[PDB]
Amino acid sequence: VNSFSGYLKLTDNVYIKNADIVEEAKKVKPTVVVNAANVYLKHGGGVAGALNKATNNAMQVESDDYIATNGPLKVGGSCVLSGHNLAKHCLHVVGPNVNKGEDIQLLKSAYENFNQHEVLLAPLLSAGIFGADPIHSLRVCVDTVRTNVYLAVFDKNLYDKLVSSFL
Ligand SMILES: C[C@@H](O)[C@H]1CCCN1c1ncnc2[nH]ccc12
Ligand SMILES: [Cl-]
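Sequential numbering from 3 applies to the sequence shown in the deposited numbering.
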């Protein structure tokens, strides 16, 4: 039993809700919140910009130190940093950016990072400003993640479409 509430169940291990991930995180304070990061951990907009803003820029300060020490992430890769006031940990995951010509096959590699954590609150990856089709992102998620994932979908119309077309 966990404290996530109001989710539709898609499969044994994937749950979905029309919600702002920032609000879900503040309410639930999960062990892991996933950020839709870029390789530079520059949290400018979308999920990352909103999460960082909710931390009063502490996420960005921590991230800049991470990059100064370690260099950029790989597309498809991840790192575990603090969750600040939103969660115990933040798993920063880089999906491919289709607007940059990055290989959509890397979306599966991105989702594989979720399997290192028993339970996560997450957005769909590579959608939003990253350019990919959220319907495809959901199928990759369901077919790749085996741990328990609670997906927060910001837009109501998209949420309704993802549920209605789910095979
Ligand atoms: C797929 C879509 O859901 C992702 C990509 C674009 C924004 N977005 C978000 N999802 C969940 N919570 C959010 N809070 C703020 C933004 C946001
Ligand atoms: Cl985004």
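Each residue gets a CB set at the ideal place from its N, CA and C atoms; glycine is no exception.
Taking the CA atoms as reference points, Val151 sits about 5 Å from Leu122. The DSSP assignment places 121-124 as complete runs of the beta strand (DSSP E) inside the segment 92-145, in order along the chain (cut-off: 3 residues). For a cut-off of 8 Å, the C-beta gap from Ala50 to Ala60 is around 13 Å, too long to register as a contact. Taking a C-beta distance under 7 Å as the contact criterion, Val77 and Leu108 qualify as a contact pair.
DSSP lists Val155 as the bridge partner or partners of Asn20. Rounded to whole angstroms, the separation of the alpha carbons of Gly46 and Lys55 is 9 Å. As DSSP reads the structure, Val36 sits in a beta bridge with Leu93. By the Cβ-count criterion, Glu26 is buried, with 16 or more other Cβ atoms from all chains shown falling within 10 Å of its own Cβ.
Between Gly133 and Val155, the C-beta gap is not smaller than 7 Å, which leaves the two residues out of contact. Residue pairing by DSSP places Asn150 opposite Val121 in a beta bridge. By the rule of a C-beta closer than 5 Å to any heavy atom of ligand 2, the residues picked out are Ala38, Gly48, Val49, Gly130, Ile131.
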